[PDB]
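Trainee: Chains as they are written, first to last, in PDB author numbering: chain A, 449 to 696; chain B, 486 to 534, 536 to 775.
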Amino acid sequence: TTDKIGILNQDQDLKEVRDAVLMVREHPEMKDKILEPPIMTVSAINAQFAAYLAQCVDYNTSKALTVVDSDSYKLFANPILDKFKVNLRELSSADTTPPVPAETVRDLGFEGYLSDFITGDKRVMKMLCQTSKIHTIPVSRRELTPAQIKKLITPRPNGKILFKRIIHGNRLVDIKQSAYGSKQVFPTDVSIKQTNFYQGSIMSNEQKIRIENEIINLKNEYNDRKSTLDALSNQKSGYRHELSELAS
Amino acid sequence: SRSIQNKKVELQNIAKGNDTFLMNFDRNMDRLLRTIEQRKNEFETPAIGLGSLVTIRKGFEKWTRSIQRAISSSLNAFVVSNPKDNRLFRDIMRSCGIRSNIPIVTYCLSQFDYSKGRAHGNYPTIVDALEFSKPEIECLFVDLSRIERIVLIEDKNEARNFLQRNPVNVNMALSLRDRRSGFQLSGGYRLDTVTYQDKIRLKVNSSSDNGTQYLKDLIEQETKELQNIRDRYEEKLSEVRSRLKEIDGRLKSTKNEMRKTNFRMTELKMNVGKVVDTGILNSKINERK
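#1: Helix, strand or coil: which one does DSSP assign to A:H689?
#2: Of the choices A:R619, A:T636, A:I663, whose alpha-carbon is the least far from that of A:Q642?
#3: State buried or exposed for B:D571, treating a residue as buried only when at least 16 other CB atoms are found within 10 Å of its CB.
#4: Under 7 angstroms, Cβ to Cβ, is there at least one residue of chain B near A:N508?
#5: Looking at the structure shown, is A:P547 part of a helix, part of a strand, or coil, going by DSSP?
#6: Could you tell me the distance, in whole angstroms, from the CA atom of B:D599 to the CA atom of A:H616?
#7: Looking at chain A, which residues of the region 650–684 of chain B have a Cβ within less than 9 angstroms of any of its Cβ atoms?
#8: Let's see if you can read the secondary structure: which residues bound the alpha helix (DSSP H) around A:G454?
#9: Here's the rule: buried if 16 or more other CB atoms are within 10 angstroms of the residue's CB, otherwise exposed. What is A:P476?
#10: Run through DSSP, which three-state label would B:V540 get?
#11: Pairs of beta-carbons, one from the region 542–554 of chain B and one from the region 610–621 of chain B, closer than 8 angstroms: are there three or more?
#12: Report yes or no: is there a C-beta of chain A within less than 7 angstroms of the C-beta of B:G534?
#13: Using the three-state DSSP reduction, which class does A:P586 fall into: helix, strand or coil?
#14: What residues from the region 575–591 of chain B come within 8 angstroms of chain A, judged by C-beta to C-beta, listed N to C?
#15: The beta strand (DSSP E) with B:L677 in it runs from where to where?
#16: Which residue's Cα is closest to the Cα of B:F648: B:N772, B:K741, B:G674, B:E529?
#17: Can you tell me whether B:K689 is helix, strand or coil according to DSSP?
#18: Give me whichever residues DSSP pairs with B:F669 in a beta bridge.
#19: Pull out every residue of the region 631–646 of chain A whose Cβ sits closer than 9 angstroms to any Cβ of chain B, in chain order.
#20: Just how far apart, CA to CA, sit B:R729 and A:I585?
#21: To which residues of the same chain is A:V572 closer than 6 angstroms at the C-beta, ignoring the five residues directly before and after it?
#22: Just to confirm my understanding: we take A:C577, look at its own chain, exclude 5 residues before and 5 after, and list those with CB closer than 7 angstroms. What are they?
#23: DSSP state of A:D467, grouped into three classes?
#24: Does the CB of A:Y561 have a neighbour CB from chain B at under 7 angstroms?
#25: Going by DSSP in three states, B:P621 sits in which element: helix, strand or coil?
#26: Can you find a CB in chain B that lies within less than 7 angstroms of the CB of A:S626?
#27: Just reading off the alpha helix (DSSP H) that B:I578 is part of, what are its end residues?
#28: Would DSSP call A:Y628 helix, strand or coil?
#29: Tell me which residues of the region 511–535 of chain A have at least one Cβ-Cβ distance to chain B shorter than 8 angstroms, keeping chain order.
#30: For A:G617, which residues in chain B fall below 8 angstroms Cβ to Cβ?
#31: Taking all protein chains shown into account, decide if B:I633 is buried (16 or more other Cβ within 10 angstroms of its Cβ) or exposed.
#32: Please list the terminal residues of the continuous alpha helix (DSSP H) segment that includes B:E743.
#33: Please state whether the Cβ-Cβ distance between B:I557 and B:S661 is less than 7 angstroms.
#34: From the DSSP output, in three-state form, read off residue 722 of chain A for me.
#35: Is A:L513 helix, strand or coil by DSSP?
#36: Please confirm whether A:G607 has its beta-carbon closer than 7 angstroms to some beta-carbon of chain B.
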């Protein structure tokens with residue numbers, strides 16, 4: 449869970465991003481010019497909102513560096529790509545204002561936008577709304593009724609849909625409108641990678657509260673057993689040392 | 486070893502029980518197929534839909551992995567027109583015991599014209615690279631994954647330049663870096679490295695003995711590419727080998743120093759053992775005094 453240097457040891461491919469952020473930290477002129485990837489700075493409010501941002505933002509942009517101004521991308525971007533194969537994102541001057549305010553969004557059964565459910569640097573979060581377009585995707589922790597889903601599927605009379613991607617509870621639905629034919633609309637409901645659609649239940653208590661934390665605990669118990677083995681061995685060597693002291 | 490499995494995925498149990506080439510999940514695909522074939526009587530629309539219905543066109547066997555990586559969202563989809571049939575397919579899948587997540591997308595089967603929105607250029611598109619059994623499935627794929635706006639360019643720089651030239655009715659381009667990963671460029675500035683899936687979800691027209699055997703040798707060259715990787719580190723492995731040689735030499739030097747300290751202790755013992763043992767014969771000097 450720690451969005452820090454420790455998260456870079458989980459995957460082998462993350463070593464390049466680790467070396468990149470390290471060399472960025474060493475260079476004093478690079479930290480203020482190129483900030484940390486959104487996986488480090490941008491953090492959600494809780495664990496439920498963290499999985500929502502991971503579904504929209506791909507794995508490449510989450511570990512990609514940020515280039516605030518276009519001046520550094522012409523002379524200081526080449527020393528990064530030659531040694532490390534990491535993605536680079538340049539901050540653009542595109543507007544980050546949503547088409548509709550948060551008032552009408554709350555009237556549709558949503559709590560708010562995805563940009564309001566994450567905390568971090570302003571320059572890093574600005575590109576998450578321009579690349580992944582999270583500032584135009586309503587996010588709600590409660591699953592909405594399929595009737596309201598079909599109402600949101602129906603586009604506006606002007607010929608443009610209200611939203612392109614909506615998030616109700618945990619199911620993610622992509623609203624795509626056909627540009628040819630009779631302008632037919634069709635939903636694409638995908639499941640965000642997480643446990644299940646529970647709401648404050650016992651959280652899938654088959655035999656233990658977790659499935660990998662039990663592996664962690666058994667590994668820690670093995671470490672405890674070997675530490676007690678080391679304890680008894682050094683106690684035996686100390687007893688032998690006391691015997692040698694009696695011999696002296 | 487996965488690449489070694491990529492060598493065995495083509496001739497181990499293909500077309501009968503291959504849980505890595507055709508069966509993307511537990512042994513229930515044929516079960517669900519027989520179930521829907523025998524219970525289509527209660528379905529108002531046939532739920533025959536999308537991986538098996540799409541076949542790779544000839545001359546683009548190297549783009550199959552890229553097409554799969556791009557349209558995996560629709561390769562595991564079905565064709566259902568009514569929400570009642572949606573729930574029916576759902577509970578049938580739950581009863582037949584399918585553990586893999588099978589997404590569903592509702593759509594009314596109807597053919598239309600999409601030639602006005604196809605990709606403009608001299609490069610072949612996914613539509614020309616894909617063979618569809620029915621035009622309805624082709625129209626559904628065009629509406630879902632916009633395959634008519636994606637081109638196929640082998641060179642990465644060429645595809646990047648073509649995307650930067652602002653092409654008409656083109657959103658993204660596919661590139662072939664190797665047989666394990668691919669380059670998916672969008673807009674000519676966003677470069678993303680995607681990994682090809684190990685399990686294939688697309689049918690190939692050529693046989694598994696002659697047309698595919700040539701592609702099997704390409705996988706063997708990928709093992710040599712990984713053999714180059716493991717041999718590139720062998721030069722780095724020589725560094726840690728020399729390092730462990732140096733540390734065992736230092737261990738031998740410390741053992742020699744320990745032996746020298748033992749010799750020093752023994753000679754100090756033999757020196758101090760004869761200090762005041764018997765040389766206290768002072769009778770002569772007492773007589774002298």
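Ideal placement from N, C-alpha and C gives every residue a C-beta, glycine not left out.
Mentor: Let's see:
#1: helix
#2: A:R619
#3: buried
#4: yes
#5: coil
#6: 34 angstroms
#7: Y675, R676, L677, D678, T679, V680
#8: Careful: A:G454 lies outside any alpha helix (DSSP H) and carries neither H nor E.
#9: exposed
#10: strand
#11: yes
#12: no
#13: strand
#14: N587, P589, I590, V591
#15: 676–681
#16: B:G674
#17: strand
#18: B:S661, B:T679
#19: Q632, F634, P635, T636, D637, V638, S639
#20: 55 angstroms
#21: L483, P486, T489, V490, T514
#22: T544, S563, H583
#23: helix
#24: no
#25: helix
#26: yes
#27: 569–582
#28: coil
#29: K533, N535
#30: The premise fails here: A:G617 is roughly 17 angstroms from chain B at the closest Cβ pair, so nothing lies under 8 angstroms.
#31: buried
#32: 697–758
#33: no
#34: The structure shown does not extend to residue 722 of chain A, since chain A is modelled only from 449 to 696, so the question has no answer here.
#35: strand
#36: no
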